[PDB]
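Below, in structure tokens: the form deposited in one PDB entry, a single chain.
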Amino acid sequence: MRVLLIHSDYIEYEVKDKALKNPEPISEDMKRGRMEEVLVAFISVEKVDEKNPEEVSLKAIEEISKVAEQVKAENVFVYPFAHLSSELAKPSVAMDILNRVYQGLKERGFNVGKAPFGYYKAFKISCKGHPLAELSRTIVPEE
């Protein structure tokens, strides 16, 4: 897994066309969203993550929480984002892990939003300028 963490004044998205034939099933509330004062976690789920979805997710949950604690973010947004790696996971495993991370973060007491997997999305973001406001993390299972 590769994660890009961006501490942002806001994130906003609107689901547009489908990018896969079998994308994530969505409800009407899921086709747009906005959070403010938010650590946006852009996530690429990778092939090696398929060895241990649970271990990878837990490690991601810990890393994302730690950065949110550092920048004092109470809001986290899980934004699926394939472009951080070419070594991508099967879409079913990607969704599995994205969900594990999303749920895990709520279980830690954050307010967490998400964008659905497998659609093209318009999105707006404003990245605060700070040293810890734009970070990247590599998280992989122990083999």
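Numbering starts at 1 and follows the sequence shown.
This protein has a second form, the form deposited with a small molecule bound, left out of what is shown; the following refers to that one.
Judged by heavy atoms within 4.5 Å of the small molecule in the entry with it bound, the contact stretch among the candidates 39 to 47, 59 to 67, 26 to 34, 100 to 108 is 39 to 47. Residue contact with the small molecule in the entry with it bound: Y10 places no heavy atom within 4.5 Å of it. By the criterion of a heavy atom within 4.5 Å, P53 is excluded from the residues contacting the small molecule in the entry with it bound. Using a 4.5 angstroms limit between non-hydrogen atoms, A94 touches the small molecule in the entry with it bound. A residue is said to contact a partner when one of its heavy atoms sits within 4.5 Å of a partner heavy atom; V76 fails this definition for the small molecule in the entry with it bound, lying far away.
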